[PDB]
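Residue numbers (the deposited numbering), protein chains in the order written: chain F, 7 to 53; chain S, 4 to 53; chain E, 5 to 213, 222 to 487; chain U, 5 to 515.
Beta carbons are placed, not taken as given, at the ideal position from N, Cα and C, and that holds for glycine.
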Amino acid sequence: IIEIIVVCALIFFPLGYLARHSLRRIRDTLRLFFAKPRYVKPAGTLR
Amino acid sequence: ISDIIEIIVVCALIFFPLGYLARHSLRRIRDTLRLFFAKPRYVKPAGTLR
Amino acid sequence: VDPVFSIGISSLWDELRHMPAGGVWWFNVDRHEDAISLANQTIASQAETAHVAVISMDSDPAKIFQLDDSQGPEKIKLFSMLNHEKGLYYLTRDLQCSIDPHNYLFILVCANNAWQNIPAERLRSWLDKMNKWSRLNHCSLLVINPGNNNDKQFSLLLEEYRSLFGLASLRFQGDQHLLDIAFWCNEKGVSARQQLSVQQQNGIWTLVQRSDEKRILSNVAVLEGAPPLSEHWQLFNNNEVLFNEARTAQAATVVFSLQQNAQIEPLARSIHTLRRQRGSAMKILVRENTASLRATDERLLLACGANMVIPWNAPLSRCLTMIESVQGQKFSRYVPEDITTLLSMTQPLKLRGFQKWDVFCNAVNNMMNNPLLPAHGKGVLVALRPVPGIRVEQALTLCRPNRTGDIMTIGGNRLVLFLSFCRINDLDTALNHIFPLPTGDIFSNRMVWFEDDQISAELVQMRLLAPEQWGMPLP
Amino acid sequence: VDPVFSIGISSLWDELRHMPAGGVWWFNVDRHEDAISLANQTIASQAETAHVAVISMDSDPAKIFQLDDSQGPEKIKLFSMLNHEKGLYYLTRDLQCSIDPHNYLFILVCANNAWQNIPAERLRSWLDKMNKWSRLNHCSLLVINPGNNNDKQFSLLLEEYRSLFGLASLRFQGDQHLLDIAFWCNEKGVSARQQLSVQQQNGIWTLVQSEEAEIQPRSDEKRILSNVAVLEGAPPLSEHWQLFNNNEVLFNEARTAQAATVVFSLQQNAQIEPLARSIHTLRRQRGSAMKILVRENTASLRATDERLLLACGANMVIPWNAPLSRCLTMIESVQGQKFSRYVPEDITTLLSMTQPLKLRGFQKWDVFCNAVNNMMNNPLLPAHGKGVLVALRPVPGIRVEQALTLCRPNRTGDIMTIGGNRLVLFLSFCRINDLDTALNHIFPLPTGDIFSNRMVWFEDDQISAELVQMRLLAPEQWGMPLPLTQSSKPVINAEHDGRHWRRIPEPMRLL
Ligand SMILES: Nc1nc2c(ncn2[C@@H]2O[C@@H]3COP(=O)(O)O[C@H]4[C@@H](O)[C@H](n5cnc6c(=O)[nH]c(N)nc65)O[C@@H]4COP(=O)(O)O[C@H]3[C@H]2O)c(=O)[nH]1
Ligand SMILES: Nc1nc2c(ncn2[C@@H]2O[C@@H]3COP(=O)(O)O[C@H]4[C@@H](O)[C@H](n5cnc6c(=O)[nH]c(N)nc65)O[C@@H]4COP(=O)(O)O[C@H]3[C@H]2O)c(=O)[nH]1
Ligand SMILES: Nc1nc2c(ncn2[C@@H]2O[C@@H]3COP(=O)(O)O[C@H]4[C@@H](O)[C@H](n5cnc6c(=O)[nH]c(N)nc65)O[C@@H]4COP(=O)(O)O[C@H]3[C@H]2O)c(=O)[nH]1
Ligand SMILES: Nc1nc2c(ncn2[C@@H]2O[C@@H]3COP(=O)(O)O[C@H]4[C@@H](O)[C@H](n5cnc6c(=O)[nH]c(N)nc65)O[C@@H]4COP(=O)(O)O[C@H]3[C@H]2O)c(=O)[nH]1
């Protein structure tokens, strides 16, 4: 009931805090995945 | 059972922005808390040596 | 922890060569091919395990960039950006899409005059953001810019020395290149304002490593019928014997005499040899007796190693005081080893008389892009609007240039002249020499451009004139 | 808008003394008393309106630090902290507790070897945080570190350029202190790797006279700061040209330049001496990279005044004979040249060198010989260019005292005397090439109608020999001026209209 609601709240508070601390990491990974290069297109790794 | 899960999800949801805004405004919160009283320790002003 | 990278210059000191992993460095080049060569060598000098990327405005970097077989990284990643300033603005995010930039060296080789249109404020903001990003990601950025006229931009870079970790320049001087390091910051300290000489052999940039002070050696003609002033004066009949005796001298004062125009070319060579074999202690003066000089020839003599050229307007007493002026002074200017590259600057146009619109514009643009010519002093571009009652063809009839580097064109009810090496103050005299009737009864208005940027802008607005608005002399 | 603070060293270049707001500067000093002296001088060196605060350890700053009544800010706010690392950590927020540090200058005077207990990584983090804080708050921090031995710390700071605008050390070496500037950055560029000799004279740190060529940044090597009269109404040739109305404003602007060509304009002789003073000041404060040019526009100069301007520090004086195009070419002829001559500290000696005789007219034999000998015994005058000594033999029709009546010198340094049927005359700062011009100015126009022959001496040894021969003349043969009662009648048909010898026609009968 209320007790488990408080427990879930407690869980989520530092969970979201740690999620915010890793904002830069999240943005970097999302940019790697989504991969929208608008003007700079890699021509290719040359040997 | 279902209502329990629904309430759990609601609590989860409402509390995610809570910890998001708590970190986002943390620096401003600290700045305000310093402004009010904090504890100006260690370095102590001697005086205005005119 | 973070590694150090190395610039693509051979035999460079460790203070001026290293590049720690956090920061931004800027390098300016005179020509595009030199920028490409320096970029290739910089890629070639790196360690095998290092991470390197190259970003180039020109398409297909796989065709213009190469790798060294003996050493260098196993692979480099190429990026291409369209000819848009938004490419530079988005560079950081666009790279984040494709690379994790921890200890990555980014060589950015821009196109020719690529940074010419970027506003000052946005360039400052770009530099600040690049410095912040580099320090955050522990990546280093090397910017190589082939440009032509970056004085204002170079001043901006100097004022923004907090964003940069190093600023250097490479200027073409015929047979050798001049490396001017404004500042360089490394783990070994900070270096300030060094001037060094670098040469390219087989495509590789390698760095190229009290007794008679009161004596005065002079031509006889310098003293117009006057006794030798002191014991320290030796009088010679011509400049040939003066050159032979000055060969032995070390810190003596040599005063040549310019009586005739034909002497300018050999005098230049003599001064060159005297300033090469004998160092900066010697003082070389050219006393001009008769009016036998142009501004261009005086610039040539100054570049060949003369301290100053004394005009014929100055009488003997003023010349003697000027001879007193140069005493105690050393010649700090650089004299290029090649002599032909100095004499080639005497006349760079070699086109006389009427030219069509396109050939005129191409010739003037080519002269404007020449690196081995004085800045803001290459010539004067004039557009003359004829008075009503006479046409531009009739104005072309009454227009006879005399020098070699003077060209004309007619188009759009304008007569556009270019006069080479003429200064803006001495423009009306030139126009009086060219036209038979006074300028003022033939033309209504005069537009004049004499600075490099102004002439370039006028040329780019002169190509917009569609044909059938051009003109030719009536047969 | 933000202030530019200064380090407490006198005669130090603006390149190594200015500290713009928004940075952290590091000072390593050898002795605590030297540290306190430098801190006090830096306190006194600031502007009156400047806001300065001091932070000290293990003492009351109100008793150890002093303010000057003639120079410095009106008031300073002191701070003291316990000898702890926690204070070094909390400094920023503790200071933010009291005053909002906008455009303030914090002098951090530490205890002896206080930074010996701080580990490397925490020191680097502290420097980064202080750099960030200074940039945000537009305040400057000056860390004065007394240290017996901080070689490893000095190396760590050497690597840490990205957090400091300047790193300097001050080491005592028995008789003088050496100021070793590793790198210094201000609004005027970056200076690096300089060793200087400084001394504490009357408790004030000063640079010994070893300025040489130490202005490393030459950002304005192409800027041309010139009087508006130099360009004869012509357009500014390039964007590098900045014109000025007079030499006073141009001088004020040029005191902040490094390697800019400064072209003055001279139109009257009344403007020579102050121009000389200004040039002396510029060459004494802005080093040898500058190009100082004096451009004559009207006839307003002698050879001696040109020598004065050259000896004050000017590279070249452009004669008014040269037209504008030749002047511009001569301006570009001096680019990239360093002034390697020696400019003395005292301008008074140079000003006195422009006229060392100060005696005009007839003289006795003794006075003439002694004056010329003293002129040639002055070791501050150009060799073989001091003047011309000329002995004139009169024509048979006239005597020697009459010839004395016929000479009226105009310049101050011209003297003459009569002896042994020889009118001998010394014209100071006259060249042998222009002796006839001077004689024509001080005699009736044809000098062959008053003198048969002349003997000229224009070299120092020659004039000394002639004076030695003249001193041997018996006193009985010396001459005296004729009284005005008998000199009223003209010897020749000439008269003096103040400064012009006009020849009066006389009646005569033709053959
Ligand atoms: N008043 C005046 N007239 C000018 C000027 N520039 C050119 N001219 C006239 O143009 C003629 C041809 O000059 P050019 O084709 O440059 O061909 C010139 C040029 O190659 C050479 N030359 C003469 N004086 C000089 C000089 O001082 N410097 C250089 N570099 N060449 C000179 O001699 C050639 C023939 O000279 P000229 O027989 O005298 O004939 C000259 C002269 O009448 C100028 O600045 N002022
Ligand atoms: N592009 C161009 N510019 C022209 C022309 N005529 C005159 N100028 C410009 O006018 C300046 C002064 O010419 P000036 O008073 O006749 O004074 C001239 C003239 O008396 C003499 N000079 C130079 N070249 C020649 C030449 O080829 N022949 C003769 N006879 N005199 C020359 O040297 C003086 C200095 O000449 P600069 O220093 O070169 O400076 C020259 C030059 O910049 C022309 O036809 N084309
Ligand atoms: N043509 C000619 N005349 C000469 C020369 N030297 C002296 N004079 C004449 O001598 C007068 C008095 O000169 P001063 O006693 O030295 O006293 C001079 C001197 O102190 C000063 N002065 C004028 N022009 C100059 C100058 O170019 N340089 C300096 N240093 N002083 C000058 O002004 C005073 C009065 O000058 P003025 O009224 O012009 O009157 C001058 C002038 O008529 C010379 O080389 N050429
Ligand atoms: N001791 C002495 N020397 C004399 C006298 N008159 C002429 N000289 C010498 O003759 C040189 C040329 O004088 P200038 O041709 O009249 O040409 C003079 C003249 O035009 C002008 N100038 C100099 N002082 C005065 C002055 O006091 N008044 C005026 N009006 N002009 C002066 O400056 C030019 C250059 O003068 P400087 O460089 O000094 O060089 C002078 C100086 O060495 C004189 O009375 N006494």
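Going by C-alpha distance, which of the options is nearest residue i?
i, options, result
"E:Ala25", "E:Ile40, E:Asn44, E:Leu109", "E:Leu109"
"E:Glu89", "E:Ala115, E:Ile80, E:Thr421", "E:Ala115"
"U:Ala387", "E:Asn206, E:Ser242, E:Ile59", "E:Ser242"
"U:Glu191", "U:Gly207, U:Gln177, U:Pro221", "U:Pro221"
"U:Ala318", "E:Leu312, E:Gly452, E:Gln341, E:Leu313", "E:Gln341"
"E:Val147", "E:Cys373, E:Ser167, E:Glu252, E:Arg259", "E:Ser167"
"U:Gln75", "U:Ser10, U:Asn273, U:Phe447", "U:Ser10"
"E:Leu363", "E:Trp130, E:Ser129, E:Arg197, E:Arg415", "E:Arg415"
"E:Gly27", "E:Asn141, E:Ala57, E:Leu95", "E:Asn141"
"U:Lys156", "U:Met380, U:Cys189, U:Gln120", "U:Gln120"
"U:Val202", "U:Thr265, U:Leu42, U:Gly193, U:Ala307", "U:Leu42"
Would you kindly work out how many angstroms separate the C-alpha atoms of residue i and residue j, rounded to a whole number?
i, j, result
"U:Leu162", "U:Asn32", "12 Å"
"U:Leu361", "U:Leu429", "14 Å"
"E:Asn437", "U:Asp464", "46 Å"
"E:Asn206", "U:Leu305", "57 Å"
"U:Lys136", "U:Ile228", "37 Å"
"U:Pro413", "U:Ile422", "14 Å"
"E:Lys368", "U:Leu297", "44 Å"
"U:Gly391", "U:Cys316", "22 Å"
"E:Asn444", "U:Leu235", "22 Å"
"U:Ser282", "U:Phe255", "7 Å"
"U:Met459", "U:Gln466", "11 Å"
"E:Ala54", "E:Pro77", "6 Å"
"E:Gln359", "E:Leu313", "15 Å"
"U:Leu160", "E:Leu16", "24 Å"
"E:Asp132", "U:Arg311", "51 Å"
"U:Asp72", "U:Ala48", "6 Å"
"U:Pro7", "U:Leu145", "13 Å"
"U:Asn117", "U:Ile40", "14 Å"
What residues of chain F sit near residue i, judged by a beta carbon separation below 7 Å?
i, result
"S:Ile10", "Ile11"
"S:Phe19", "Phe18, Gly22"
Residue i versus chain U: which residues are under 9 Å apart at the beta carbon?
i, result
"E:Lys342", "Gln341, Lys342, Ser344"
Taking C-beta pairs closer than 8 Å, name the residues in chain S that residue i reaches, listed in chain order.
i, result
"F:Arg26", "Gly22, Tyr23, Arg26, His27"
Is there at least one non-hydrogen atom of ligand 4 closer than 8 Å to the beta-carbon of residue i?
i, result
"U:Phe433", "yes"
"E:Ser129", "no"
For a test of your reading of the model: does the CB of residue i fall under 8 Å from any non-hydrogen atom of ligand 1? Yes or no.
i, result
"E:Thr451", "no"
"E:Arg426", "no"
Would the C-beta of residue i count as close to ligand 3, meaning under 8 Å from any of its heavy atoms?
i, result
"U:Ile276", "yes"
"U:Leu363", "no"
Could you tell me whether any non-hydrogen atom of ligand 2 is closer than 8 Å to the CB of residue i?
i, result
"E:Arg415", "yes"
"E:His445", "yes"
What does residue i touch in chain S if you count any residue whose Cβ is under 9 Å from its own?
i, result
"residue 1 of chain F", "Limits of chain F in this structure are 7 at one end and 53 at the other, which puts residue 1 of chain F out of reach."
Listing by chain order, which chain U residues have their CB less than 8 Å from the CB of residue i?
i, result
"S:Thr51", "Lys79, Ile80, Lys81, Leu82"
"E:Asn273", "The contacting residues do not exist; E:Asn273 stays about 16 Å from chain U at best."
Q. Hey, is the stretch 323–332 of chain U in contact with the stretch 198–215 of chain U, meaning 3+ C-beta pairs nearer than 8 Å?
A. No, the stretch 323–332 of chain U does not touch the stretch 198–215 of chain U.
Q. So does the stretch 398–414 of chain U actually touch the stretch 483–500 of chain U, counting three or more Cβ pairs closer than 8 Å?
A. Contact between the stretch 398–414 of chain U and the stretch 483–500 of chain U is present: three or more C-beta pairs spanning the two stretches fall below 8 Å.
Q: Count the CB pairs spanning the stretch 259–266 of chain U and the stretch 451–460 of chain E that are closer than 8 Å, and state whether there are at least three.
A: Three or more beta-carbon pairs separated by less than 8 Å are not found between the stretch 259–266 of chain U and the stretch 451–460 of chain E, which leaves the two stretches without contact.
Q.
Assess contact between the stretch 170–182 of chain E and the stretch 344–359 of chain E, defined as three or more Cβ pairs (one per stretch) separated by less than 8 Å. Is contact present?
A. Counting Cβ pairs under 8 Å, three or more are found: they touch.
Q: Could you tell me whether the stretch 33–42 of chain S touches the stretch 91–101 of chain U, where touching means 3 or more Cβ pairs closer than 8 Å?
A: The answer is yes - the stretch 91–101 of chain U touches the stretch 33–42 of chain S, with three or more Cβ pairs under 8 Å.
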